[PDB]
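Scroll down for the structure; my scribbles are underneath it.
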Amino acid sequence: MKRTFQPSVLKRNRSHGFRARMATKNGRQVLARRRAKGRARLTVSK
Amino acid sequence: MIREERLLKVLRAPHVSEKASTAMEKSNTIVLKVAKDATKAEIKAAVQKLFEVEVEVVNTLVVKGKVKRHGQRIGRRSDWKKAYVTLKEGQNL
Amino acid sequence: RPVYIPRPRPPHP
Amino acid sequence: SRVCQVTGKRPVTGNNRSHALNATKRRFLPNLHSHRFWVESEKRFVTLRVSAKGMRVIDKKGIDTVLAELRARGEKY
Amino acid sequence: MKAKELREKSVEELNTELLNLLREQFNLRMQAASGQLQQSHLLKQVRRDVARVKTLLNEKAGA
Amino acid sequence: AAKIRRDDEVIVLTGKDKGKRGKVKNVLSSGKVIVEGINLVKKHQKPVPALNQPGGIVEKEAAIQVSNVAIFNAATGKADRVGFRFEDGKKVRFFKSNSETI
RNA sequence: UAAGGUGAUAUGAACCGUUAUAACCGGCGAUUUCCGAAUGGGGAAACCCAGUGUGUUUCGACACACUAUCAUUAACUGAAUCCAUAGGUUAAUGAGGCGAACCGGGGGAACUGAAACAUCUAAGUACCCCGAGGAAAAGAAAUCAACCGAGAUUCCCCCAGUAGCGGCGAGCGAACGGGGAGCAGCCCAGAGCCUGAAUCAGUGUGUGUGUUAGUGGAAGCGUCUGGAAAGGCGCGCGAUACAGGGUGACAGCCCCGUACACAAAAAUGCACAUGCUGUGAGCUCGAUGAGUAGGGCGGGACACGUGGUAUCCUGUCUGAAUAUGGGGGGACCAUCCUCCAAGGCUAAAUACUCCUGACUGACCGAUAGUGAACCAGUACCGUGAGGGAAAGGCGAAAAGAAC
RNA sequence: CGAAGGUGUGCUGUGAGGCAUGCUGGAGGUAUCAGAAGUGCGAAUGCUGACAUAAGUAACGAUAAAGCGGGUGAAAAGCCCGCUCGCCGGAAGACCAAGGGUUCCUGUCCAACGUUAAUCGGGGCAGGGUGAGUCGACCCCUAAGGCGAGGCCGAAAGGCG
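If you read the sequences in order, they're chains A, B, C, D, E and F.
Just remember that my numbering sits 1061 ahead of the position in the first sequence, which is counted from 1.
Just remember that my numbering sits 64 ahead of the position in the second sequence, which is counted from 1.
Just remember that my numbering sits 44 ahead of the position in the third sequence, which is counted from 1.
Just remember that my numbering sits 11 ahead of the position in the fourth sequence, which is counted from 1.
Just remember that my numbering sits 16 ahead of the position in the fifth sequence, which is counted from 1.
Just remember that my numbering sits 907 ahead of the position in the sixth sequence, which is counted from 1.
Structure (structure tokens):
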């Protein structure tokens, strides 16, 4: 039974990585929101 | 020019262990700790000057710090770099 | 804590 | 954008009302066109995206005067 | 040990820094690692001395 | 601006043994002082295989609040307070009730 | 300031200092790795790879600096055609990103209410986007009023659930006028006479005050109970200090504080006087904002849903007079009254608290109060946006139980 | 020479309640008269925690299978050694990539974890271990595709190139 999550570091970084968020303004707002909440992990860091 | 002071900081400490001892007595090589960057050229120059010995080749590797479970908390040790330095037929220390 | 160096080490088949 | 380079007219949103007074959002667009104006001071043609009202404004005033105002506005033409 | 070396020329300041880095900083570090050093308070004292000399060099050279 | 210092002979106002005289050895940042033969504690010292093997029960000194000890006058035969005054540009301590300099 | 100290969990080891450069606190400086607007190029963030210019141990190889984009300005170059322009290079100046609310503008719902529902309401609300400030916006009548008069804007209480609007349903809802807070008026569309002539902005000096370290700061003893008293009993003293906190049970007089009186080498905000720089006083004459006002068509805003609908704004098509002129006074006309649009600047009363200090509470006291009193936005869950806990209490003192 | 709270007892009022006291408790409580409420719980397939029931019941995760001797140990069917037996053998063997991130090796310990015991372990604690001019990454080149100086377009954001 193949499950939904099939890990891949390259796909994870290129999809939800820090640079991916900064590319668009919506991603920048995502980072801004999580800085405000004080989350330790801003994004998925390798 | 800060080469002299740079060479005085790349070397951190010698490494003591069973592998270190057997390597010294058999292969005439010293294993020691170096800075995180510590390029092979810098290590070679530092050993030549500070220890006043002749060296043949240097091999470096990076050791990842272990994850330790101290008390109610989880911690990690710092990564460090150790270098194997192969001395020539003339050895001092 | 986080390791960031998943470099490839392919031993010759 | 659909902005006149002379009068500054830009599209404005509004409503359109049916017989039953139903209101749906619409948008009014300026009557923009691309026109080449001959300028004797510089002896060449300048292309401006201007509305019909703006073209009347250019005729009433001088092309040189309008260009000066555009330059003072700070936008290249 | 702060104003004693304030009036020396830049040449001596570089010389004293080199011997501070050379001896009592590298040698003490090797001694401590090998376990032959019992007076560990020298390490911090030497480090602060190196900082003092560097502070003088910056306020001497250039600005 | 500490009224009780390293080398002072003091007396105890309140505690297990009030009125007992002594001399302070050290003061803690938490407003506590250590004196001889005033607050003795029979600590059960465990044995250790290191260089030191005390074993048995050790009669240690327990710190006491600085507020519970007052410097002794040594002339009037009673405890007395401490005040600060400037003399020849230096701040010095003095007693009260016919105050004299320390 | 100082006889103590080397941050905490957290003891130890090795040491510094005790009359002054131990430590600690404050001002001004120095250092300030890498990522991030990231800005030399690239990139899977904390990584990879460079070019040019300055100086150096074996050529080896090193150290530093510069090198993003955009806008403006200046210089040098420079096409299709002579000139020219576009374009290119160089140097300088400014911007870039982040931040809780408040402010202005550009867009703009639905649920719901109407006991259904489409006009309407919800509502110019939520939300998205842009720009600036410590406030912002608005602001010196082409305004009201009533033919009696007031004279910028803004905010609060009335007028008033009134007049009106409205499938005249649900609902929406003024103004005039009055009482207060605070008050300040100017400049260009231009010439002449007189030319620092007031007021402003930027840089020095001096006084005062405040912030950033601090200093002194009064006065209690004896017996009883008790593990220990600050309690009971008896007799005293301080108070421009019984506000608080701590101390072995409840302290004005044990400690830190408190009222009170003082303190600044150095950096700073505020109110004044005195210098410099730059625009700029006062009088005469003239001028006095045109594709605009207004109109037709379609919409929006004014309580006012096109209705008899004034007034304002605008997409589209037209289009005056210019002071012997024009606007408004709720369809419209005449007479009267009032004002002078089509160019701008302007603090005060007003809105909010991410953050700093003090103080307060018929606010909570660990299932409460912030999600978080315990290193919580953590553990943990989710690919991701995101969601999101549980967990406080020995004793006065570890004296934390030798054997 | 003992507050609140807790736990019993005895009186008392038509009631919700009140009063006195034994033991634990260890430092707070509050008359009377007024004032304000987060003011009273048995139910909402209520929310949170704790603890019952079924119950010492089902189950202990491929029907490839174990037996014995010795060793260590407080304790051995499961750990170590030895001799037999059985199972896989295009795999249930040996290698990688992806993905994990010290699970690797040695010493030591058996609380919890292991669906039982455990001296054993991918468990706890400590120490050790990853060596490249030739492998790979990095690097040079490019596919799909992404970004994109100027530029075109778009109320803003932004789209395309």
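Even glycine gets a Cβ: it sits at the ideal position worked out from N, Cα and C.
Beta-carbon proximity list for B:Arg140, same chain, < 8 Å, skipping 5 on both sides:
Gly129, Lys130, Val131 and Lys132
Look at the alpha carbon of B:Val149 and the alpha carbon of A:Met1062, and state the distance between them as a whole number of angstroms.
Roughly 52 Å between the two C-alpha positions.
Nearer than 8 Å: is that true of the beta carbon of E:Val66 relative to any heavy atom of the ligand HEM?
With respect to the ligand HEM, the structure shown offers nothing to examine, as it has no ligands at all.
Would B:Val80 pass as an interface residue toward chain E - the criterion being a Cβ-Cβ separation below 9 Å?
yes
Please say whether E:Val62 and E:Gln47 have beta carbons closer to each other than 9 Å?
When the beta-carbon positions are compared, E:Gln47 and E:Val62 stay at least 9 Å from each other.
Meets three-Cβ-pair contact criterion under 8 Å: the segment 74 to 81 of chain B and the segment 90 to 99 of chain B:
yes
Under DSSP, the alpha helix (DSSP H) around E:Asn36 begins and ends at which residues?
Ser26 to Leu37
Using only CA atoms, which one of B:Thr103, B:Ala102, B:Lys108 and B:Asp101 lies nearest to B:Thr93?
With distances taken between Cα atoms, B:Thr93 lies closest to B:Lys108.
Between the Cα of E:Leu30 and the Cα atoms of B:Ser85, B:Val80, B:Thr86 and B:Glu69, which residue gives the shortest distance?
B:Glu69
Taking the alpha helix (DSSP H) that B:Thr86 falls in, what are its first and last residues?
From DSSP, the alpha helix (DSSP H) with B:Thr86 extends over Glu82 to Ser91.
The segment 923 to 931 of chain F in contact with the segment 940 to 956 of chain F per 3-pair CB rule at 8 Å
yes
State the start and end residues of the unbroken alpha helix (DSSP H) segment that holds C:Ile49.
It is not in any alpha helix (DSSP H) - C:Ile49 carries neither H nor E in the DSSP assignment.
Three-state secondary structure (DSSP) of D:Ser45
The three-state secondary structure of D:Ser45, taken from DSSP, is strand.
Cutoff 9 Å: A:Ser1106 Cβ touching any chain C Cβ
yes
Residues near E:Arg68 by beta carbon distance below 7 Å, same chain, minus five either side:
The answer, listed in chain order, is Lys18.
DSSP-derived helix/strand/coil call for B:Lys152
Secondary structure of B:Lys152 (DSSP, three-state): coil.
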